[PDB]
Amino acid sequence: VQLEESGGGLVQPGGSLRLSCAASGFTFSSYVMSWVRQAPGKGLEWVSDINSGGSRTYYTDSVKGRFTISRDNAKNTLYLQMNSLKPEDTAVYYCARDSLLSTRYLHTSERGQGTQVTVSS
């Protein structure tokens, strides 16, 4: 099971980034997919997830209205559009197989290597 994130970087508050995660080694169109993040000195926390067909999405209250999760099953790819970013959004972001509720993302084999997002002046 392979997940390769990309799209991270440094941005000023109010800016935007789009993260990508290319999946291989499983039937991507069968799985709920998640994004989680870990800020400095903190634990892995939820961000968003999306069902297999893309018809249902979930966001934590702290990113609601600012982030948008989406997927392209034909390209086996997961996306996170991050707009109106704040310093509080600085963290390493991980894509993970399965739902947030399933806590698969707590297991190293179930998540990608992670990508750094930094929001400051």
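All residue numbers refer to positions in the sequence shown, first residue = 1.
Subject >> Between the two ranges 73-81 and 91-99, the one averaging a larger CA B factor in the entry >> reply: Result: 73-81.
**OP:** Quick one: say whether 82-90 or 33-41 has the higher mean Cα B-factor in the deposited entry.
**Re:** The entry gives the higher C-alpha B-factor average to 82-90.
**OP:** Place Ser20 in the lowest, middle or highest third of its chain's C-alpha B-factors, as listed in the PDB entry.
**Re:** Ranked within chain, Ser20 CA B lands in the middle tercile.
**OP:** Sort the modelled residues of this chain by their C-alpha B factor and say whether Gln113 lands in the lowest, middle or highest third.
**Re:** Middle third.
Original post:
Split the chain's modelled residues into thirds by Cα B-factor; is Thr27 in the lowest, middle or highest one?
Top reply: Highest third, going by the recorded CA B-factors of the chain.
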